[PDB]
Amino acid sequence: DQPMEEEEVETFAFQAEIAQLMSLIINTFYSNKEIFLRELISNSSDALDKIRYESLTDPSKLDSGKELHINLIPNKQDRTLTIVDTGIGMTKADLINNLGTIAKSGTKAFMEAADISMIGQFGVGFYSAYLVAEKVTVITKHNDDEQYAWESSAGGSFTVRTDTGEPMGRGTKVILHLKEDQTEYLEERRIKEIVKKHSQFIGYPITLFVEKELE
Ligand SMILES: CCNC(=O)[C@H]1c2ccccc2CN1C(=O)c1cc(Cl)c(O)cc1O
């Protein structure tokens, strides 16, 4: 038989510091792990600013969707928390450069420094995900390009491939498969309080969708 699907998959090694960093974040104990959701919402907001500011000069840039927002989708059945935004998105190359193989100065500094919530300033805030996730999947779609999937369980490497899933119009989808002991962030009350405490100044709509598959 012919496969329902077949696509090339590429594996990349993380730059050495970023990898050392992820182990740091994974194995060590930290107390305000909740700041991961702020870091990821924060990434979404900047992505939303870029598409927004580009549309000002080139209105067709929004042909792939006018609405600028962030959705938070807890799914207790999958034990996943997904952050979805309709920002500018990422090309395949962006995924490879910006999410693993290029380091940046803050990396060596940060590992050595202190409270974990500093990670936002050192520029590598994405990786705070692995405070609560054992695996992170990033689905992204940039205008005029394919939809891509970035994936990592933080073993020193990550994978990129074309995404066969459900088509996004534009933007980025981050899928946190949470550690067994971090399921609290699937909770509406907990999500609401983290957002109110750390993401109060985000100038885009933030909407929760509690997901439950029915029998
Ligand atoms: C990876 C580095 N890019 C960004 O943070 C933002 C960003 C920031 C400034 C300009 C363009 C873009 C595109 N991004 C994304 O597609 C994205 C990435 C992650 Cl990891 C996330 O959680 C949410 C996201 O919307």
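Residues numbered from 1 in each chain as written, not as in the entry; some residues may be left out. Heavy atoms only, no water.

Method-wise, the PDB entry is recorded as coming from X-ray crystallography, at a reported resolution of 2.40 Å.

> Explain helix α3 (residues 92–101) to me, using residue names and the numbers behind them.
Of the residues making up α3, those classed as buried are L95, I96, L99 and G100. Viewed end-on, α3 has its buried residues packed into an arc of 115°, placing them on one side of the element. In this structure, the buried side of α3 is in contact with β1 (9–13), α1 (16–27), β4 (133–141), β5 (147–152) and β6 (157–162). (Buried < 20%, exposed > 50% of the residue type's maximum accessible area, 1.4 Å probe, protein only. Helix = DSSP H or I, 4+ residues; strand = E, 2+ residues; numbered from the N terminus. Arc of directions from axis to C-beta. Contact = heavy atoms within 4.5 Å.)

> Lay out the packing of aromatic side chains in plain terms, naming residues and giving numbers.
If you walk through the whole model with that rule in mind, you get eight aromatic pairs. Note on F12 and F158: the rings are 5.7 Å apart at their centroids and 25° apart in plane angle, and the pair reads as stacked. Take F12: its relative accessible area is 25%, and that puts it in the partly exposed class. With a centroid separation of 5.7 Å and an interplanar angle of 25°, the aromatic rings of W150 and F158 are classed as stacked. (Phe/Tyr/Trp six-rings, centres within 6.5 Å; stacked < 30°, edge-to-face > 60°.)

> Hey, could you go over the nonpolar core for me, with residue numbers and the actual values?
Soluble globular proteins: nonpolar side chains tend toward being buried together. Core analysis: the biggest nonpolar cluster contains 53 residues, and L37, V136, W150 and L176 have the highest contact counts within it. Here this core gets seven residues from one element, more than from any other, and that element is helix α2 (residues 35–57). (Core = buried A, V, L, I, M, F, W, Y, C linked by side-chain atoms within 4.5 Å.)

> Tell me about the site of the ligand, and please be specific about residues and values.
Inspection of the region around the ligand gives 14 residues, with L40, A47, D85, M90 and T172 positioned closest. The separation between an oxygen atom of the ligand and a polar side-chain atom of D85 is 2.6 Å. A distance of 2.6 Å is found between an oxygen atom of the ligand and a side-chain nitrogen or oxygen belonging to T172. More than half of the atoms belonging to the ligand lie within 2 Å of the grid points that define the largest pocket. Contributions of two or more residues to the shell around the ligand are made by α2 and β7 (171–178). Considering only residue class, the shell around the ligand consists of seven nonpolar, four polar and three charged. (Near = heavy atom within 4 Å. Polar contact = N/O pair within 3.5 Å; in protein donor to acceptor, adjacent residues only side chain to side chain. 1 Å grid on protein atoms, 1.4 Å probe; cavity = no way out; pocket = protein on both sides within 12 Å on 5 of 7 lines; lining within 4 Å. Sits in = over half its atoms within 2 Å of the grid points. Nonpolar A, V, L, I, M, F, W, Y, C, P; charged D, E, K, R; others polar.)

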